[PDB]
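# Summary of structural features
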Amino acid sequence: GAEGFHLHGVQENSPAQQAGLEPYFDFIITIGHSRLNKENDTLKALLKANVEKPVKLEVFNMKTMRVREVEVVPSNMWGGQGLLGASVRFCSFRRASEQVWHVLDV
C-alpha cells in the first residue's frame, strides 16, 4: 500500500553512505515535512533546495521493520554523481519488500 522511494544502491563516499543508508533494506518515506507518497520531483527539489545543508529523512529499514530519522547533507563536493549519491525507485512498500525477502545465493 504505502508508497515511498526504495533505495537501490549507494555510491562510495556519498552523502547517502555517510548518513548510513542501506542500499536495499532502506525505504525513504519523508524528506523534511514532505511525505514522499506521490511520483513527482519533490525529492530532487528538496535535495536541491538543501544543498550543503542538513536535512532530515524518515527511512524504513526492512530488517528491523521500523522508522528512524537520518540526517543527510546533499552535496556536489563529495565527488560522484548526484546530490544524495544514491539510486532510488518509487514504489509501494509491498513491492520493495517482496523484492528483498526471498533472494537466494547460488
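- By the method listed in its record, X-ray crystallography, this PDB entry was determined to a resolution of 2.67 Å.

### Thoughts on the packing of aromatic side chains
- Taken as a whole and judged by the stated rule, the model has three aromatic pairs.
- Judged by centre distance (5.7 Å) and plane angle (75 degrees), the rings of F27 and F93 are edge-to-face. Here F27 is found in strand β2 (residues 26–31), whereas its partner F93 is found in helix α3 (residues 93–101), with 66 residues between them in sequence.
- When its relative accessible area of 2% is taken as the criterion, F27 is described as buried.
- Centroid distance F60 to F93: 5.0 Å. Interplanar angle 85 degrees. Geometry classified as edge-to-face. Here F60 is found in strand β4 (residues 55–61), whereas its partner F93 is found in helix α3, with 33 residues between them in sequence.
- Residue class for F93 comes out partly exposed when judged on its relative accessible area of 22%.
- One aromatic cluster in this structure is built from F27, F60 and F93.

### Brief notes about the environment of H8
- By the secondary structure assignment, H8 is in strand β1 (residues 3–10).
- Put simply, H8 and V88 are 80 residues apart on the chain and 5.3 Å apart in space, counted from C-alpha to C-alpha.

### Let's talk about the nonpolar core
- Formed by 17 residues in total, the largest nonpolar core has its most connected members in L21, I28, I31, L57 and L84.
- Those elements giving two or more residues to this core turn out to be β1, β2, α2 (42–49), β4 and β5 (66–72).
- Among the elements that take part in this core, β4 stands out by supplying three residues, more than any other.
- Excluding its chain neighbours within four sequence positions, the residues that come into contact with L84 are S14, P15, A16, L21, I28, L47 and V72.
- Residues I29, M62, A96 and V100 belong to the second largest nonpolar core, which totals seven residues.

About the thresholds
- The residue numbers shown here are sequential, starting from 1 for each chain in the order of its written sequence. They can differ from the numbering used in the entry, and residues that have no coordinates are not displayed.
- To get the side-chain values, take all heavy atoms of the structure and skip hydrogens and water.
- Stacked, edge-to-face and tilted are the three classes for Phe, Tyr and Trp ring pairs, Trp counted by its six-membered ring, which pair at centre distances within 6.5 Å; planes under 30 degrees apart are stacked, over 60 edge-to-face, the rest tilted.
- We count a stretch as a helix when DSSP gives it H or I for four or more residues in a row; a strand needs E for two or more, and each element gets its number in order from the N terminus.
- The rule is simple: take the accessible area with a 1.4 Å probe, protein chains only, and divide by the maximum for that residue type; under 20% is buried, over 50% is exposed, in between is partly exposed.
- Residues enter a nonpolar core if they are buried and are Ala, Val, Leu, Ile, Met, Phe, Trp, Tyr or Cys, with the set joined through side-chain atoms within 4.5 Å.
- Should any heavy atoms of two residues lie within 4.5 Å, those residues are counted as being in contact.

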